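Let's start with one chain on its own, the form deposited in one PDB entry, as structure tokens.
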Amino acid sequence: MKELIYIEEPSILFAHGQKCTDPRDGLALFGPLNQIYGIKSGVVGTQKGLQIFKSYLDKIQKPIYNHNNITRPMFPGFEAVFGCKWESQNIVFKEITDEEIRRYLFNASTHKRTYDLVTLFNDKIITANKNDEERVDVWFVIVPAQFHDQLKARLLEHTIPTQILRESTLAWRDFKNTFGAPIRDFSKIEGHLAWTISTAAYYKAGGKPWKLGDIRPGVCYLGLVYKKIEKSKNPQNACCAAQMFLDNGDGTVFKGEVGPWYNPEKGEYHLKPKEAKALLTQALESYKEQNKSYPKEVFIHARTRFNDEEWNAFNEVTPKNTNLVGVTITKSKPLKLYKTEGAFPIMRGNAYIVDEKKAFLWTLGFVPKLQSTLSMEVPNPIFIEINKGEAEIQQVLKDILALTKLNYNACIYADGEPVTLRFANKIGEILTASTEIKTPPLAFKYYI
């Protein structure tokens, strides 16, 4: 008997002052914001992966089709969408000298193997970026317990972007299973697979494809979400990571003070008030540094509810003009709103509000510009609530819908949850891999 609400899809901004909702469609027509003419993206990997990479590069120039080419549009070619040259010759294409195949003796330690392989790639990148003079922008790694986080963790301290690919994804067509089937069948998503790789590798090569262009000045969509470390000796010890996000998407990241913020009995996550003031002030001072004016609002996002004493650790470091509200974001709570008739679920952008604080938002569904739903079955929404502070629920709903579209690791139409959450999720795990380094750098390239 009640009534729903819909939010118009925020329009991102591309080069030449042109705004198109679809990141893939607008990019092809117009091009990225910053035209990095020199894309000298280096490659570091084994020879088989290198020629797999080399074969893939010329494939990037050629158009790559999706057998269903309305939901996952064309990928005409890197020089067409971006207007920046990229080939298999300008690369430095240094080779990982891993052809040694010999075993004097093994050991019953997978972590030692995991540490060995991760270490064997870090030094090779290090020995290259210092010796050379030409501007290598990426160091794609080829791979024939966890590897990616620590490989990025050690590389984090050296301030040099890196991407890891090609377990089976780059050459899936030939890299079939053991029974004559594609172990990762990309025949349906061949055109889309090259889309994300081209967009992501461009961004971490000094790029910045698109940024939002319908914002009100003076805002700051900081993202603060707790993480967990399973290797900490203290049972309650877990990492907290902040995340600065402006309209452009090129914010700053500060490692929060790790400490025992886990409560086994209460099942909640909160920090001491003293360091809460520093984390907000450090982030607040950084935004003032990059904008010269203090923000009129701080929509700090979170995924866990917070107490009041922590809130009182924010109301005093915030100037009188500034206002700050901490919105919690959850998705475990389900509300599947099946359509009355037809097999097509509700489009993304619809939202359910229950009060001035709690609300449901559907960021998934059949897109009215895609004729397809980004979810396998009927998609559940995200439960977002204004935990503390007073704000407008419609504004945060519209902004959180906008912030979901600004994802650069992937060129999908719109992420299900804000990048302030997912990007924080991976960087926290990277931090837990190597907590030694105090790494404050503005760039997200050494992270994503």
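Start at 1 with the first residue shown and count on from there. Take the two forms, find the largest set of C-alpha atoms that superpose within 1.5 Å, and that set is the rigid core.
Just so it is clear, the following notes concern the form deposited in another entry, a form of the same protein that is not shown.
Colleague: Under a superposition restricted to the rigid core, does residue 250 display a Cα displacement of 2 angstroms or more between this form and the one not shown?
Modeller: Indeed, residue 250 is displaced by 2 Å or more.
Colleague: Relative to the superposed rigid core, does the CA atom of residue 77 travel 2 Å or more between this form and the one not shown?
Modeller: Moves: no, less than 2 Å.
Colleague: Superposing on the rigid core, do we see a C-alpha displacement of 2 Å or more at residue 90 between this form and the one not shown?
Modeller: Yes, the C-alpha moves 2 Å or more.
Colleague: Work out the direction of the Cα-Cα change for residue 29 and residue 90 in that other deposited form: closer or farther than in this form? It's 3 angstroms or more.
Modeller: Compared with the form shown here, the C-alpha atoms of residue 29 and residue 90 sit farther apart in that other deposited form, by 3 Å or more.
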